[PDB]
Amino acid sequence: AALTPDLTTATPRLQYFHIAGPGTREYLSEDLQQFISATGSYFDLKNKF
Amino acid sequence: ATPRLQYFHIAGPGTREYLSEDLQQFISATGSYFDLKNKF
Amino acid sequence: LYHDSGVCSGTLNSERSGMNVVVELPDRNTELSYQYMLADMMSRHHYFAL
Amino acid sequence: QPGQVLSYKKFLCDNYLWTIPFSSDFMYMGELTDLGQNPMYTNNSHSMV
Amino acid sequence: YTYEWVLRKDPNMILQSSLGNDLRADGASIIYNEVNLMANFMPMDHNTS
Amino acid sequence: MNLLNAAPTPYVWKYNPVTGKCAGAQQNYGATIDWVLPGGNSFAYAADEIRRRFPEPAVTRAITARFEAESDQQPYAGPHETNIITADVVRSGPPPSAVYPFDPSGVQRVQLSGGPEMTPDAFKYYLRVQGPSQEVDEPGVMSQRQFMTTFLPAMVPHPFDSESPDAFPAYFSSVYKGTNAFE
């Protein structure tokens, strides 16, 4: 009715902010990693993650 | 559509649809020298 | 000609129907009506002396 | 000096006789106007000022 | 929509002389205060528009 | 012909939009044909036939309702209006797809500048769509179109002859006598 509890995923803060998280190779979606690897010679996006 | 407007052709069918066909033939035939088109 | 004057209006009627078919309204303007009709029908720079 | 001058916009319109058409879009769509046969004026009496 | 345009301020372009003299050297100048864009919208039926 | 059998001019009504109450009725002089001085016997019949061809109030009611239906400005939202009223409520408030962090840490939360409950779009639209708390209209006052559906222009032959109806110019009947009043 008024407010729903809303979805939660329960990720630790260090992992959520990638302070102690998995790593860029394994949290970026594989298509995004492929895009970066392909267009990394002229459009650097590895510094943004 | 109002009857008093149709009686005075303010909202009536129009000259082509209320004049008798013989009168329309007359005013079309004699339309270059004796004009009657401005009277309807 | 006295147009649109109910006190001194004109008269047109037949003989069997002697009642007048022309009633003049002081609230209409015949003169300006003719002016507008003639200006719409033709340009006004033409001079017609008749 | 430019501060010592004025402007006097004005117009003249002779032989015009200002016209306002009783139409919703102020345009000509017939001698019997748009609002001429609207059954809100035709059937009900209104006292304009 | 965004409709961006730019107005000329060159005296020789925007203004016309009856002699053709150089207006920039003849002290012609223009200052734009308020440049608004007007538009006419037909009030055609929303159902039919 | 006989003018006693001639059809009378209809009574058109005055709406009085501001108060909303009926302002009365009048003899429909604003649309009358001039037929006795210029017209004579040939046009007396024509004018009578025009007057008695004035639509009966049910027909006028149907014509007015049909004219009002094609307005596009009905009091409530049609599919056009309700689609955009749903569209703007959908894109209002915090986005649903925004994955934001909820930090339930009693020490050292995050700043969360942004730009754990949310409201559903069904209730969000329900707030926007619901009407007043009255849900019933006050008596007496009517809008223009609901006044046009009722209170129809009609020919009223022999009006001032009955037992105790007279007419409704501006009154409020009190003592079983028609007291046209409020002077």
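A few notes on this one:
Letters are used for the chains, namely A, B, C, D, E and F, taken in the order the chains are written, and counting of residues starts over at 1 for each.
Here is the rule we use: a contact is a pair of C-beta atoms (placed from the backbone, for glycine too) under 8 Å apart; a residue touches a chain by one contact, two chains touch by 3 or more.
Here C-F and A-F were compared by C-beta pairs in contact; the pair with more is A-F.
Ranked by separation of Cα centres from chain A, the top chain is C.
Once the centre of each chain is set as its mean CA position, chain A and chain B turn out to be 81 Å apart. Centroids built from CA atoms put chain E at 28 Å from chain D.
We define each chain's centre as the mean of its Cα atoms; on that basis chain B and chain E are separated by 52 Å. With centres taken as mean Cα positions, chain D sits 64 Å from chain A.
Residue numbers of chain D whose C-beta contacts span two or more other chains: 42. Under the contact definition stated at the top, the residues of chain F that touch 2 or more other chains are 31.
Residue ranges on chain D touching chain F, taken from their complex, read 38-40, 42-47. The residues of chain F lying in touch with chain B in their complex are 31, 33, 46, 49-50, 53-54. Chain contact summary for the complex, chain C toward chain F: residues 17, 19-23.
Chain D makes touch with chain B in their complex at residues 31-32, 37, 42. On the chain F side of its complex with chain A, the touching residues are 99, 101-103, 105, 110, 116-120, 123.
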